[PDB]
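Beneath this line is the structure, given in structure tokens, with notes to follow.
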Ligand SMILES: Nc1ncnc2c1ncn2[C@@H]1O[C@H](COP(=O)(O)OP(=O)(O)O)[C@@H](O)[C@H]1O
Ligand SMILES: [Mg+2]
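Residue numbers (the deposited numbering): 6 to 197, 216 to 623, 639 to 728, 738 to 781.
Written out as structure tokens, the structure reads:
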């Protein structure tokens, strides 16, 4: 609805054309959904039923014959284009896709699907962000207000006013669906400190994004923003925190992927001062840390991004000397991919050869080149009360220097985030902040690897949290009504994958113990995985060979479906041997290295990327458990920028990954249809025209089976479909 408040003219969709559209001829007895060959979901009409095989005619026009068993029911035209699909009485997998595509063709960006708030990505200016709409949405609840994020924000505000507890808003979806723009509009709505957030956004987007296959500006890390509020419901301050940074991107790149945008921006020649002081040859192919990926791509101009980022750095809380120091640090990180470390003759010890790039790195950090080389080649460890040296060959020192590079990059990013936060806040008292989070969803490619596995595990944990919250809400409703229906927690329905991943003897534990084995390779890792899990656990299964994929080693049945991964490269990218003497050298530099490495018990060698990822995920989960969540799902309708055409398979895959259909099925598994007794008595009596006892007599006098309904005191539990049939026959009797 859009009347009485001057909303968007197309937002109404009521009392203007719905009356003349509900009479469209759509014979449900002959209209069904047929699986296509390209879009795999296309609507079609059946001329006649010829037994098992039925001829289907589609909108595009086809005369193929299709078996009758897989073609399934089609929604009535009268209930089509409904605002909320949560109470849809004909739940179908293509029903959601068709409703979303029709609404998007009608320019319905926001659609309610229960607790979820599906928001597609258009490419145009939307007048829905008018401050008049913001003022109108104030004081409105979920039901009365039209579908928009303002309704859920007002619900969270009311929860703060009455329940007096933390509320968190969660946004997830496929990378490139508009996470940054959506969260910018969200934080702007709570703003109406916003300018500080807008100016700080490019720095984080440049230091924590990389060009993936699907998206060129995907945010690998997770961003959490807390909006501190006062006692009287007024904005106090803001602080941000980042989680789950990917050191793998810093250390390794795929054949069709790029590193973080900072290195490529620095490689631009429009800022000769940085290149001059960093001793850079301006050729990305001269550095192994960057050249192994994609050198450069089109559809981007990193010069403008560098200008935006350094302009934000200049006019901010801090000065430019530390910006120069950060540029020096990133240049040194680029420089670490050049030493040779030739093995000594007749000995397993490793000695350096190219003592030129080492000198450059030492000058950049202010360290001693000889001391740095001695520390890298001959680390020193304290045994008992004395100190001894350790021998290290070329592979060990290579792993150590890679770990040092990724660790210093992560610490520099964390220090920058902390500095921006310390600039951001203001000294007003803070009470019961509001959290905003955005993390990429169930990303699935044809070459799934360790990073994809970590992202899938994080999203798996998030889905587990969402299911647990939904079960808690359902049980709270059951206790309110005093009757429990299917009181089985949904956490165990999903804990199988988490146990396969996180629990001991799982994939992560096996990889961690294989990293420390004397002579361990990837084939041995796969062999141990098969010996430990093939047949023991239902989730683990053999890989599949479909559509001519390159290669797969093992497959898991995730929450979104079957995913096949790849093994090669996991061992190299999981080892994180952090040298300690080099850290001690870092603590004595004449630079920001003291601030970055201020604090530095498991052993240094027994450190893995998986362990740090798991502990960070646990910290994020234990932080999020204390706040009441609010789930927002964002999807991209079209792979290109044209809103006119939207690909059906892509939307189907994204909907399956996001679990909106799964969520609505979980909601409808119980008794979601609840209505008030008096309203039922005074409205639905027209079903067969001629307080608790009167309502019971009325419902029992309408030829209704007693097993389908459940009587209560305030809210009556009704099975899905009963209310729809009751109301559709009531209209006929009018
Ligand atoms: N509500 C919106 N209206 C118009 N354009 C949008 C909207 N949301 C996202 N976009 C488009 O998305 C693009 C960037 O998406 P972004 O949020 O950077 O993706 P990612 O989350 O992968 O970084 C922008 O060019 C912008 O035009
Ligand atoms: Mg983003």
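Beta carbons are placed, not taken as given, at the ideal position from N, Cα and C, and that holds for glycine.
Counting only residues of its own chain and dropping the five nearest sequence neighbours on each side, residue 685 has a CB closer than 7 Å to the CB of 676 and 677.
The beta strand (DSSP E) runs of length 3 or more contained entirely in the stretch 376-440 are, from start to end of the chain, 403-406 and 409-412. Residue 414 places its beta carbon less than 8 Å from that of residue 372.
With 6 Å as the limit, the residues whose C-beta approaches a heavy atom of ligand 2 more closely than that are 184, 185 and 242, in chain order. No Cβ-Cβ contact shorter than 8 Å links residue 444 with residue 581. Here the distance from the Cβ of residue 240 to the nearest heavy atom of ligand 1 is below 7 Å. Burial state of residue 568 is exposed, judged by a 10 Å Cβ sphere holding fewer than 16 other Cβ atoms. Shown here, residue 19 sits in coil according to DSSP, grouped into three states, outside any helix or strand. The beta-bridge partner set that DSSP reports for residue 55 consists of 58.
Judged by DSSP secondary structure, residue 247 falls within the beta strand (DSSP E) whose first and last residues are 245-252.
Secondary-structure assignment with DSSP links residue 672 through a beta bridge to 124 and 178.
Classified as exposed, residue 539 has fewer than 16 neighbouring CB atoms from the shown chains inside 10 Å of its CB.
Taking the Cβ of residue 131 as the reference point, at least one heavy atom of ligand 1 falls within a distance shorter than 7 Å. With a 10 Å radius around the Cβ and a threshold of 16 neighbouring Cβ atoms, residue 276 comes out buried. Taking the CA atoms as reference points, residue 181 sits about 12 Å from residue 462. If you draw a straight line from the Cα of residue 700 to the Cα of residue 770, it comes to about 22 Å.
Look at residue 151 here: in three-state DSSP terms it is coil, with no helix or strand label.
In this structure residue 8 does not touch residue 39 by the C-beta definition: roughly 39 Å separates them, more than the 8 Å allowed. If you ignore the 5 residues before and after residue 23, its C-beta comes within less than 8 Å of the C-beta of 86, all in its own chain and listed in chain order.
DSSP places residue 110 in the uninterrupted alpha helix (DSSP H) bounded by 98-110. Pairing residue 488 with residue 454, the inter-Cα distance amounts to about 25 Å. Taken from the Cβ of residue 482, every heavy atom of ligand 1 lies 7 Å or farther away.
Apart from the 5 residues on each side of it in sequence, residue 99 sits with its Cβ closer than 6 Å to the Cβ of 38 and 46 in its chain, given in chain order.
Residues 380 of the same chain have their beta carbon placed closer than 6 Å to that of residue 361, with the five preceding and five following residues left out of the count. For residue 667, the number of other beta carbons within 10 angstroms of its own is at least 16, and it is reported as buried. Taking the Cα of residue 129 as reference, the smallest distance to any Cα among 574, 118, 171 and 183 is reached at 183. Using a cutoff of 7 Å, the CB of residue 686 does not count as near ligand 1, since none of the ligand's heavy atoms is closer than that. For residue 680, the CB stays at least 7 Å from every heavy atom of ligand 1. Scanning 72, 447 and 390 for the CA closest to the CA of residue 248 turns up 447. By the Cβ test, the stretch 220-233 is not in contact with the stretch 598-609, since fewer than three Cβ pairs between them sit closer than 8 Å. The three-state reading of DSSP puts residue 226 in helix, counting H, G and I together. Scanning 697, 56 and 727 for the CA closest to the CA of residue 179 turns up 697.
DSSP places residue 654 within a helical segment (H, G or I) once states are collapsed to three.
For residue 764, DSSP records a beta bridge to 712 and 757. The three-state reading of DSSP puts residue 582 in coil, since its state is none of H, G, I, E or B. For residue 15, the Cβ stays outside the 7 Å cut-off from all heavy atoms of ligand 1.
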